[PDB]
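Written below as structure tokens is the structure these notes are about.
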Amino acid sequence: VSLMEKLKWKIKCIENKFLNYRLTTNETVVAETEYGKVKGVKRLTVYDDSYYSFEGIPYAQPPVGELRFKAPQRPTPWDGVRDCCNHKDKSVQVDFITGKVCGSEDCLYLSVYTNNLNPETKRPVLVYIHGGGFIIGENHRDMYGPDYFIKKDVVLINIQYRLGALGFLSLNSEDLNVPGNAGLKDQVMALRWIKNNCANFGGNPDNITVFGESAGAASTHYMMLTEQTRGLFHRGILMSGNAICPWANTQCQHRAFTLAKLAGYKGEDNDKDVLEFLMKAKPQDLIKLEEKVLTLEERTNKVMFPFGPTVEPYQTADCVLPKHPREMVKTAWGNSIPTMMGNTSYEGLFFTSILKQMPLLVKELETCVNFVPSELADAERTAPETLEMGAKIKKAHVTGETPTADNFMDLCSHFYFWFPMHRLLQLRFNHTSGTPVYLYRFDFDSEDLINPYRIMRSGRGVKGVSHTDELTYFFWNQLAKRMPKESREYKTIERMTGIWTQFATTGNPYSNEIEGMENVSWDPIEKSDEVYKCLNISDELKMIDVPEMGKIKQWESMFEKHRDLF
């Protein structure tokens, strides 16, 4: 990140500290939890609303020392009243702005918010799982403030979970009890805590909605796929991602050795010796070197992260992904709860900063060979069959005789988001009880109100609705400001939190109490549908056929002779 943004960020970080303090209130309160009493505090918002705030509630043992790389265990309960009036550290990670490692291994916490601790009626509970590619993210309110959602009568809960190698190391050797997916197992434990404790905060244990964006969407999908979480919640919302996105899972069993080697390990490639080194290394050294793990070949093959969700090599007590997510979709309990899914109108815009640093990437579109789904393509990506598959991609996104950055970014929207959604919808259709899935398309563009990922994607002064742009209208962040009540931005906040609350409440996202929705007839997708319909969210709310459907079908044509793999 530029020094410019580094200094601006530091200044906003100081401003956030002073605003957080001044928005603090003297009204502390105590709630029960199965692990003992917790003290929270009421806080204020820039819109003159208020909410009770409990942060730093442990849902697992701090995964330190011997617990490193291992499945979470339940935390030890306490006597007395545990202080939850301040946040805890985020998971160890590279700060996307400073470039330094921040965070702590002691990060397994969740935060609970509500405008009323004793509601006369039990409230819908919404659980947010943050994205960040499974390598960054937090539940701190400088990034995910509950300030907008608490104008609604819900309970909002924001969880953390282990990121990067600390969350997703996977070793083949069964003796070592590091099968993988530690971070997803953290999420499972957090959902169990929420199920058995939300009633203490005025929440309805029988009406829980899980939702997440990007890797948070993949995460929410995993929670809907795994047997571990069966019946733990009742609705799901997948925002710009799911578990069958190509970035959402990787076979990373061989990469632990590589990481150890980068971190100065001396010895052979065996799991036992590799683990014992990794167990003793400083957490910040491992996370720092994570960026170097992927081989040149892996990056060429579009493997995005060295460690992430994986198929576990053997089944243990807390095993979450015993098979590939595609196979898991076939018996998933989550196929049978009300579901909403969607993407922004220009997801691939997110890769602007990548293209600026590596403009050579645009040449990939001359054959589009590197973007053929890895399961279909040959290792070198020189097979004539992969050349013809890539040609189908190329016709769908390349506009002239030479490809452009915009063609590249448009391709990225499909490879990373729309095509996997299509594959999931069609897979899910032959294994479901008939519960509805609704689609939205987020198409509201503004620069009067933004979120920090715009800095990361170098998206300042760039037109279009990029991946992550919707977060601005769901959560307060430290770059936000109070918006006039009649502004297009403020209305989008009302509509987005309104639609999400309605869906969380009824399993149907439609409400006439939501301004703009008066002519909306929003039906679910059916298996018999050749063309998807979605609510397009812009200054106006409009039901339309998905504009992306044509390019989607073209991508699907790559599987003409390999229908079994679709």
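Quick note: the sequence shown uses the deposited numbering, first residue 5, plus one each step. Backbone N, C-alpha and C define an ideal beta-carbon position, used for all residues, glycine too.
Judging by CA-CA distance, which residue of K270, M147 and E351 is the nearest neighbour of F478? Put simply, of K270, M147 and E351 the residue whose alpha carbon is nearest the alpha carbon of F478 is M147.
Give me the DSSP bridge partner(s) of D87. Beta-bridge pairing links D87 to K43.
Have a look at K565 and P388 and give me their C-alpha separation to the nearest angstrom. Computed Cα separation, rounded: 14 Å.
Smallest Cα separation from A64: which of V158, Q191 and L170? For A64, the nearest C-alpha among the options comes from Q191.
Taking DSSP as the reference, what is the three-state secondary structure of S542? In this structure, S542 counts as coil in the three-state DSSP scheme.
Once you ignore the five residues that flank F281 on each side, which residues in its own chain have a CB closer than 6 Å to its CB? Hits under 6 Å: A264 and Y269.
Contact under 8 Å by Cβ, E109 with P287: Between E109 and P287, the C-beta spacing is below 8 Å.
Using only the alpha-carbon positions, how far apart do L236 and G207 sit? Each residue's alpha carbon lies about 14 Å from the other.
Inter-residue Cα distance where the pair is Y442 and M228: When rounded, the distance between both Cα atoms is 16 Å.
Could you pull the start and end residues of the beta strand (DSSP E) that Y55 belongs to? Looking at the DSSP string, the run of the beta strand (DSSP E) that includes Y55 is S54 to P62.
If the criterion is Cβ atoms closer than 8 Å, does the pair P128 and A400 meet it? Cβ atoms of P128 and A400: not closer than 8 Å.
For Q361 and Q164, the rounded distance between their alpha carbons: A direct Cα-Cα distance of roughly 31 Å separates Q164 from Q361.
Could you check where the beta strand (DSSP E) with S357 kicks off and where it finishes? Going by DSSP, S357 is part of no beta strand (DSSP E) but of the alpha helix (DSSP H) stretching over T356 to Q361.
Indicate the three-state DSSP secondary structure (helix, strand or coil) for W13 in the structure shown. Helix at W13.
Contact set for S437: own chain, Cβ-Cβ below 8 Å, skip 5 residues either direction: So the list reads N339 and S340, once near-sequence residues are dropped.
DSSP puts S108 in a beta bridge; with which residues? Paired residue(s): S95.
Which of the three DSSP states, helix, strand or coil, is assigned to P287? Helix at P287.
For the candidate residues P326, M413, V333 and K334, whose alpha-carbon lies nearest to that of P363? Taking only the C-alpha atoms, the option nearest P363 is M413.
What does a CB cutoff of less than 6 Å around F22 pick up in its chain, not counting 5 residues either side in sequence? For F22, where only same-chain residues beyond five positions count, there are no Cβ hits under 6 Å.
Give me the residue from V324, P528 and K189 with the minimum Cα distance to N512. Ranking the options by Cα distance to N512, first place goes to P528.
Secondary structure at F446, three-state DSSP: helix, strand or coil? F446 falls in the strand class under three-state DSSP.
Quick one: residues in its chain with C-beta nearer than 7 Å to the C-beta of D277, no 5 flanking neighbours on either side, listed in chain order? By the criterion of a C-beta distance shorter than 7 Å, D277 is surrounded in its chain by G271, once the five residues flanking it on both sides are discounted.
Are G60 and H134 touching if we call contact CB-CB under 8 Å? Not closer than 8 Å, so no.
Compare the C-beta of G187 against all C-beta atoms of chain D and say whether one is closer than 8 Å. The structure shown contains no chain D; it holds only a single protein chain.
Tell me whether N516 is buried or exposed, calling it buried when 16 or more other Cβ atoms sit within 10 Å of its Cβ. Counting the other CB atoms within 10 Å of its CB gives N516 a total below 16, which places it among the exposed residues.
Just confirm the distance between the C-beta atoms of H426 and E560, as a whole number of angstroms; I'd bet it's less than 8 Å. Cβ-Cβ separation between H426 and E560: approximately 7 Å, consistent with a contact (criterion under 8 Å).
Report yes if the CB atom of residue 573 is closer than 8 Å to the CB atom of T29, and no otherwise. Since the first residue shown for the chain is 5 and the last is 570, residue 573 is missing from the structure and cannot be characterised.
From the DSSP secondary-structure annotation, give me the bridge partner or partners of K565. Bridge partners of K565 according to DSSP: none are assigned.
Let me check one thing: in DSSP terms, what residues is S115 bridge-paired to? DSSP lists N162 as partners of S115.
Give a yes or no on contact between the stretch 413 to 423 and the stretch 313 to 332, applying the rule of three or more CB pairs nearer than 8 Å. With a cut-off of 8 Å, the stretch 313 to 332 and the stretch 413 to 423 do not count as touching, because too few Cβ pairs lie within range.
To the nearest angstrom, how far is the alpha carbon of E38 from that of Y536? Approximately 44 Å, taken between the alpha carbons.
So, with DSSP's three-state summary, where would you put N211? Strand, per DSSP.
Check whether the Cβ atoms of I154 and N119 sit closer than 8 Å, and answer yes or no. In this structure, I154 places its C-beta atom within 8 Å of the C-beta atom of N119.
Which ranges does the beta strand (DSSP E) cover as unbroken runs of at least 3 residues, wholly within the stretch 389 to 458, from first to last along the chain? With a minimum length of 3 residues, the continuous beta strand (DSSP E) runs that stay inside the stretch 389 to 458 are 441 to 446.
Which term fits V131, buried or exposed, when burial requires 16 or more other beta carbons within 10 angstroms of its beta carbon? Here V131 is buried: its Cβ has 16 or more other Cβ atoms, across all protein chains shown, within 10 Å.
So what's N347 in DSSP terms, helix, strand or just coil? Reduced to three states, the DSSP call for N347 is strand.
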